[PDB]
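Peer 1: The structure under discussion is supplied below as structure tokens; questions concerning it will follow.
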Amino acid sequence: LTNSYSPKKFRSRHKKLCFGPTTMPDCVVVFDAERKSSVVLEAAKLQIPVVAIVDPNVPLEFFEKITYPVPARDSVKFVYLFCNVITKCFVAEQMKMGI
Amino acid sequence: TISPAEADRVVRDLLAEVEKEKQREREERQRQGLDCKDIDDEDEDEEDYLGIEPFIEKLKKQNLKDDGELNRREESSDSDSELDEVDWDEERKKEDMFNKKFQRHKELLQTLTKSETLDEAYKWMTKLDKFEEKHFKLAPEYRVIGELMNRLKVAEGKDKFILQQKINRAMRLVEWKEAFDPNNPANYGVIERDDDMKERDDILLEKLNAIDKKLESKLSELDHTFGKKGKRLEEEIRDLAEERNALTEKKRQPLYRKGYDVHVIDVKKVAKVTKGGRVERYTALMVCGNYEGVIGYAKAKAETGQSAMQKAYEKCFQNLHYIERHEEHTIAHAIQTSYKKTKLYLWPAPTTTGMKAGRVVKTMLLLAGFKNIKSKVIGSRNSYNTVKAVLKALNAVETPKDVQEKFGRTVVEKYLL
Amino acid sequence: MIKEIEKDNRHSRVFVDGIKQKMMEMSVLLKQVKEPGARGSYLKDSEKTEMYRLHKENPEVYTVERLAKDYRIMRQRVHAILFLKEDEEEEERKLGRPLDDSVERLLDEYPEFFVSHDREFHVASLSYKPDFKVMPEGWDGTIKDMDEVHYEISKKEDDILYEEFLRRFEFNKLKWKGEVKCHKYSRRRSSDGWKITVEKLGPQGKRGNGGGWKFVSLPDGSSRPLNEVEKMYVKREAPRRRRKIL
Amino acid sequence: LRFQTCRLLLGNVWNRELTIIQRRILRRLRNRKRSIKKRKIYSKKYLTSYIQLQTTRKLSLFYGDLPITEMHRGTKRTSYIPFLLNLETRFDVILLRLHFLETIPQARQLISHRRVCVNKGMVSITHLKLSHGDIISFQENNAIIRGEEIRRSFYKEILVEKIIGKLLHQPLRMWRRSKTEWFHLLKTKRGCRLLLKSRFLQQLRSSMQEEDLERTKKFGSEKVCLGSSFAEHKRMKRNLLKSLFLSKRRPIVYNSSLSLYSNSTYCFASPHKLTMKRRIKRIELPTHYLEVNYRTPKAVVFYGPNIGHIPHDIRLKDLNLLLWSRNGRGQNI
Amino acid sequence: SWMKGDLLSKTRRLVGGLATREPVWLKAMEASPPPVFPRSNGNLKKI
Amino acid sequence: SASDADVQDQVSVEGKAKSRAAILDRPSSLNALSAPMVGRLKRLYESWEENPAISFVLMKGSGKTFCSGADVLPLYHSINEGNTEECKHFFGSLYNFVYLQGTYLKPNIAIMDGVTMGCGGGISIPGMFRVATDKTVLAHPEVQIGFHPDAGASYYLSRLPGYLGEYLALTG
Ligand SMILES: [Mg+2]
């Protein structure tokens with residue numbers, strides 16, 4: 001995200017080639033509990049709101065950059081429930097403009 | 001303009017007019033008696049009402065002394081306007097932008113007069129209203145000053161005083177907003193090249209989306225394709241990747257902002273030791289500000305002293321802070337803060353004091369827009385730490401509005417009590 | 001219907017044709033508001049001469065305050081105008097021929113050829129020194145307007161400036177007439193001696209806040225209260241309880 | 001002596017007539033100034049030394065060769081505002097402001113050589129501070145020469161500076177030819193009054209009036225009219241749309257209302273137009289604190305000066321490095 | 001940067017002073033602000 | 001002044017970031033309004049409306065009672081001592097306060113954490129937002145005392161669905 005315009009090169013089968021987003025996102029929804037990626041740090045660096053589900057053992061450094069914390073244990077039922085509320089809310093908003 | 005022949009015509013006509021007025025007045029007085037020793041030898045030769053005759057004798061002899069080109073353009077005497085050094089390209093672009101918008105408004109009017117269905121007329125007037133909301137929209141700040149100026153022409157006494165002060169504050173705020181609106185693309189630049197901007201970005205966006213779809217389609221088939229067909233798909237994918245890299249490089253156009261001032265704080269020569277000698281590079285630290293509360297800084301490293309300043313000039317507009325001032329000339333209260341070993345003290349001052357500061361702090365406060373501040377730097381005087389400590393102090397200041405929000409009380413100036 | 005839409009065409013025309021005069025008057029209002037109290041107009045010599053004859057023919061009603069309110073200038077300026085007009089008419093009375101007005105008519109006919117900055121009313125210069133006070137939590141009451149307080153300050157300073165100008169200008173006017181010595185070689189002894197101005201110093205001889213009471217005690221052994229010239233001297237030599245304005 | 005300072009300050013600080021060689025030199029100097037003003041982004045010593053020293057030198061040359069820095073460091077204040085306000089009440093400064101003379105050295109010559117009176121007190125103090133109430137006059141033996149000088153100076157500042165720039169942008173040699181014919185009109189009182197009563201100067205009055213109308217639009221002047229008359233500009237489109245519905249459900253009026261709407265929305269929304277032709281430096285009358293009767297001539301002081309009404313040719317951005325003033329409120333701050 | 005406050009307040013203070021252009025998410029954040037909960041003294045009671 | 005210290009304690013003011021909350025603090029008479037309380041609340045609400053730096057206002061009661069009504073015993077003694085001007089000035093002040101609440105230009109929020117009788121609902125229920133707790137009790141026992149549901153209670157009771165307003169006002 002901080003370097004989303006850097007060039008890419010085709011090599012092989014690899015892990016498949018993918019460029020960055022052409023448009024800067026307005027919100028980032030994170031499902032990372034093991035903290036494998038730097039997405040929270042990059043979004044904090046680039047001033048983007050973050051919706052993420054926080055563990056009881058989250059570090060302060062990662063916590064303070066999260067705009068919308070949802071305190072829970074991310075079980076399969078709660079992940080489904082979260083995504084269901086998000087999808088239903090978004091499509092209900094989309095229908096109000098005739099789309 | 002006026003032709004030289006026309007300018008000669010008027011002065012010859014005026015001399016003939018004063019001669020004919022003398023002749024007609026002399027005759028009018030002569031016809032009633034009234035000998036004209038006050039018209040003759042008093043209005044023709046020995047009047048000398050200004051003392052112009054020495055200048056006449058000087059200029060008449062000077063006008064023939066040398067020769068050359070009688071039509072040659074020469075430099076202006078009362079020259080040095082000193083503000084007329086304006087890039088004329090934006091001036092000659094905005095005029096035809098407005099001309100095109102006005103012509104489009106006229107065509108919408110001439111379509112609305114030529115419509116035939118009232119449903120179609122409703123559609124056309126909606127189109128006209130959507131046009132006039134985007135190209136001919138008056139900002140809501142102007143109607144407040146409109147009502148106030150309506151009251152001002154009929155108010156008198158104390159009310160004229162109050163209305164004049166309020167409209168003066170409104171004039172300042174509207175002028176500032178118009179000159180530094182970030183939404184208006186006319187407040188941006190091209191920085192040396194290292195409504196057309198929106199469509200220029202849009203066509204690149206559409207080309208990028210098409211290239212992404214084609215790349216996805218070929219990458220979908222590479223897994224099942226084996227052999228020379230796979231090799232030619234690999235070459236086509238590589239060519240598409242080269243094209244998309246070339247398109248995404250073009251979206252990196254740095255922009256500066258008009259009206260901002262950029263100054264150099266530090267240029268240093270740093271060196272790294274290798275087995276072949278010393279590797280010497282350059283770092284430059286630069287600051288920028290718009291005199292209205294927005295201030296920023298950047299640091300960059302290149303190989304040459306010009307390229308370091310160019311890189312920091314490019315990156316100077318990406319880390320911008322807003323600083324609150326008290327009555328647009330001084331800070332709200334005294335503030336002391338430290339960054340590492342650089343301790344910085346700032347004190348406010350009354351309105352006719354001036355700014356008492358060193359080079360780095362004075363440049364930073366001048367670009368931020370302060371006018372009456374005293375300061376002192378105690379400890380280490382590293383320039384980069386001084387820049388950082390000034391930005392810490394200017395952001396640690398609690399405004400009266402901040403005290404009001406923090407405590408839920410009313411904060412009143414003491415002379416308004 | 002056709003009359004109703006004809007009247008609207010006349011009503012739109014009466015704005016479209018007179019769009020420019022609105023811009024003229026609004027430009028004058030902008031010049032008035034960018035520097036507050038500036039009148040944007042350049043009072044002319046014809047208006048000064050009308051002011052002089054209008055004050056001369058009716059002094060008891062068409063006074064200096066009335067002239068200043070009608071012509072929207074400062075009372076100091078009105079006093080200077082009247083004094084200079086009396087001097088001008090005395091000069092023309094001594095000459096017997098009217099004076100040269102070539103400069104004045106040039107400034108009169110073409111006010112757009114020069115720059116003028118005359119002032120209508122005085123606006124005070126404040127120091128915006130930051131100093132606050134936090135109200136109690138259970139407080140009710142309307143805080144004053146900063147424009148109102150600036151108005152009060154400007155009014156007070158204009159009163160002080162007006163009376164200071166009067167005290168200086170009357171003394172200068174009778175110095176112009178010639179009742180004041182203002183030379184080392186024009187202060188000569190009388191036939192009886194010198195007069196003195198005895199002042200009763202001390203806290204018991206105080207005429208008020210500012211100095212002590214005064215009397216004369218003439219060289220012959222008699223003493224009298226002060227005259228108007230001596231009273232002006234007493235008024236103009238007193239200390240003043242303010243910082244120096246302008 | 002003095003023209004060498006134009007090479008120092010890269011401008012026209014010399015207020016005397018220029019030869020062709022001096023004009024050619026001044027072209028190169030103005031090119032050098034234009035090149036210097038571009039490279040300010042790469043300079044460290046710009047604000048604290050260069051511009052401060054240039055503005056100090058300009059003030060020293062403006063006030064007639066005086067040690068501005070020394071007389072300011074004598075006082076202990078940082079900002080230049082009270083020093084300059086106090087300097088503006090000096091005697092020879094006032095004599096320059098009233099346009100009774102031409103130069104600060106000429107005023108110093110007249111004051112030192114015992115020829116100017118204050119309240120009929122003949123004074124010889126050049127640095128004398130005048131408060132409000134002082135009366136400035138001359139001697140009766142010199143009054144006719146000073147009146148002649150004032151008349152000549154004003155009727156030649158209407159000519160050698162005013163008519164040369166306004167619609168008469170002729171070359172220098174053509175203007176030096178035509179200037180004798182323009183001089184010979186001014187030899188008589190009749191030739192002055194006829195010059196004043198002319199359609200030439202009336203056209204030049206109207207053109208300056210329209211130019212000064214146009215210059216106001218930089219401050220959003222034309223939008224103040226929209227904010228003033230927003231009701232009728234809505235009623236115009238309201239009438240056009242009501243007509244376009246009523247008289248179409250059941251075209252000269254259409255074309256008239258379209259022309260009216262187009263004229264109004266053109267005059268209310270045309271942007272500010274800027275020309276290459278520069279505005280001309282006019283001569284300022286100090287009517288905020290001095291009152292003049294030009295016949296005798298006589299003056300009376302009646303107020304204090306203003307910091308923003310000093311007739312200097314320095315940019316506000318450069319001068320605010322010395323004044324440190326909160327400009328915009330109209331006060332002496 | 002060196003500004004103080006959280007994302008919404010810092011962004012609001014920045015866009016009020018004409019430093020940055022208005023981001024799209026600012027209006028959605030103003031319409032739906034993040035939650036707040038009172039102070040807790042750091043003590044968890046064993047149920 | 002030094003004379004108002006009882007009424008300052010009777011009507012406490014809480015300040016927040018952009019809001020002001022008036023808290024009724026009469027535990028002896030269970031938050032029953034008086035003419036000083038209504039006048040102070042009128043001044044506070046007028047100033048908070050006049051201020052642009054306040055975004056919304058609030059009304060709370062302290063204890064187990066929001067507001068039990070108005071002070072009728074003081075009016076009874078004032079009638080018994082002969083005069084009627086105290087009662088007249090009390091009624092006009094209370095109805096003016098209700099009218100100001102009904103035409104208030106900012107959001108007003110009324111919290112109801114207890115009993116509410118008489119004008120205690122008339123000062124709040126024309127508000128823009130009304131929050132009710134589980135302990136909230138709203139009743140109108142004016143017919144048992146011989147008075148009418150004054151202070152705008154003839155408005156929101158009349159605009160209830162059905163004949164429910166008649167039922168509640170008559171039966172208490
Ligand atoms: Mg050290």
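Quick note on naming: the chains in the structure tokens go A, B, ... in the order shown, residues restart at 1 in each chain, and ligands are numbered from 1 in order of appearance.
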Find the residues in chain C near chain B: any atom within 9 Å counts, using only C-alpha atoms. Write them as JSON, numbers by chain.

Peer 2: {"C": [26, 29, 32, 33, 34, 35, 36, 37, 123, 126, 127, 128, 129, 130, 131, 132, 133, 134, 135, 136, 137, 138, 139, 143, 144, 145, 146, 147, 148, 149, 151]}

Peer 1: Any residue with an atom at most 8 Å from ligand 1 counts, using only C-alpha atoms and all ligand atoms. Which are they? Put them as an NGL selection string.

Peer 2: :B and (379-381)

Peer 1: Restricting it to N, CA, C and O atoms, dump the selection as a compact mmCIF listing (two decimals), in the first residue's frame.

Peer 2:
# COMPACT_ATOMS: atom_id res chain seq x y z
N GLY B 379 20.71 24.47 24.94
CA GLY B 379 21.24 23.14 24.80
C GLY B 379 21.93 22.96 23.47
O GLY B 379 22.60 23.87 22.98
N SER B 380 21.79 21.78 22.87
CA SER B 380 22.34 21.53 21.55
C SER B 380 21.56 22.32 20.51
O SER B 380 20.35 22.49 20.63
N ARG B 381 22.26 22.81 19.50
CA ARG B 381 21.64 23.60 18.44
C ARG B 381 21.74 22.89 17.10
O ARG B 381 22.05 23.50 16.08

Peer 1: Output as an MDAnalysis selection string all residues of chain A that backbone DSSP marks as strand (DSSP E or B).

Peer 2: chainID A and resid 28:30 50:54 68:71

Peer 1: Between atom CA of residue 79 of chain F and atom CA of residue 146 of chain F, what distance in Å does the model show, to one decimal?

Peer 2: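 Between atom CA of residue 79 of chain F and atom CA of residue 146 of chain F the gap works out to 15.4 Å.
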
Peer 1: I'd like the neighbourhood of residue 221 of chain D as a VMD selection string, where a residue qualifies if any of its atoms comes within 10 Å (using only C-alpha atoms), though same-chain residues fewer than 5 positions away should be ignored.

Peer 2: (chain C and resid 23 26 to 27 30) or (chain D and resid 213 to 216 226 268 272)

Peer 1: Need the shell around residue 307 of chain D: protein/DNA/RNA residues with any atom at most 10 Å away, counting only C-alpha atoms. Skip same-chain ones fewer than 6 positions apart. Format as an NGL selection string?

Peer 2: :D and (80-82 or 84-85 or 88 or 323 or 325 or 327 or 330-333)

Peer 1: Print the selection's residues with N, CA and C atoms to a file, as a PDB file, in the first residue's frame.

Peer 2:
ATOM      1  N   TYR D  80       9.931  47.730  13.376  1.00  0.00           N
ATOM      2  CA  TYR D  80      10.204  49.064  12.868  1.00  0.00           C
ATOM      3  C   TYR D  80       9.011  50.002  12.946  1.00  0.00           C
ATOM      4  N   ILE D  81       7.865  49.535  13.431  1.00  0.00           N
ATOM      5  CA  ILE D  81       6.617  50.298  13.392  1.00  0.00           C
ATOM      6  C   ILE D  81       6.681  51.599  14.198  1.00  0.00           C
ATOM      7  N   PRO D  82       7.072  51.629  15.486  1.00  0.00           N
ATOM      8  CA  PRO D  82       7.089  52.927  16.177  1.00  0.00           C
ATOM      9  C   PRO D  82       8.192  53.841  15.704  1.00  0.00           C
ATOM     10  N   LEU D  84       9.241  54.069  12.572  1.00  0.00           N
ATOM     11  CA  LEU D  84       8.792  54.673  11.325  1.00  0.00           C
ATOM     12  C   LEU D  84       7.627  55.636  11.528  1.00  0.00           C
ATOM     13  N   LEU D  85       6.707  55.327  12.448  1.00  0.00           N
ATOM     14  CA  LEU D  85       5.636  56.269  12.764  1.00  0.00           C
ATOM     15  C   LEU D  85       6.195  57.556  13.357  1.00  0.00           C
ATOM     16  N   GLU D  88       7.845  59.601  10.545  1.00  0.00           N
ATOM     17  CA  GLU D  88       6.914  60.250   9.625  1.00  0.00           C
ATOM     18  C   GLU D  88       6.401  61.598  10.115  1.00  0.00           C
ATOM     19  N   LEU D 323       8.516  45.209   9.574  1.00  0.00           N
ATOM     20  CA  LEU D 323       7.401  45.765  10.332  1.00  0.00           C
ATOM     21  C   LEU D 323       6.812  44.741  11.292  1.00  0.00           C
ATOM     22  N   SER D 325       3.895  43.315  11.018  1.00  0.00           N
ATOM     23  CA  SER D 325       2.583  43.890  11.273  1.00  0.00           C
ATOM     24  C   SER D 325       1.485  42.929  10.858  1.00  0.00           C
ATOM     25  N   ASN D 327      -1.306  42.867   9.046  1.00  0.00           N
ATOM     26  CA  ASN D 327      -1.917  43.710   8.029  1.00  0.00           C
ATOM     27  C   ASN D 327      -3.320  43.229   7.684  1.00  0.00           C
ATOM     28  N   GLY D 330      -6.589  47.626   9.226  1.00  0.00           N
ATOM     29  CA  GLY D 330      -6.637  49.068   9.127  1.00  0.00           C
ATOM     30  C   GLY D 330      -6.097  49.819  10.323  1.00  0.00           C
ATOM     31  N   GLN D 331      -5.584  49.126  11.330  1.00  0.00           N
ATOM     32  CA  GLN D 331      -5.018  49.775  12.498  1.00  0.00           C
ATOM     33  C   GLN D 331      -3.502  49.865  12.374  1.00  0.00           C
ATOM     34  N   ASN D 332      -2.893  50.625  13.281  1.00  0.00           N
ATOM     35  CA  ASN D 332      -1.443  50.832  13.302  1.00  0.00           C
ATOM     36  C   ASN D 332      -0.714  49.695  14.007  1.00  0.00           C
ATOM     37  N   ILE D 333      -0.986  48.461  13.602  1.00  0.00           N
ATOM     38  CA  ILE D 333      -0.407  47.308  14.270  1.00  0.00           C
ATOM     39  C   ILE D 333       0.461  46.528  13.305  1.00  0.00           C
TER      40      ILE D 333
END

Peer 1: Which residues of chain C are close to chain D, meaning at most 6 Å apart when you count only C-alpha atoms, and how do they look as a ChimeraX atom specification?

Peer 2: /C:35,76,100,114-119,125,168-169,176,246
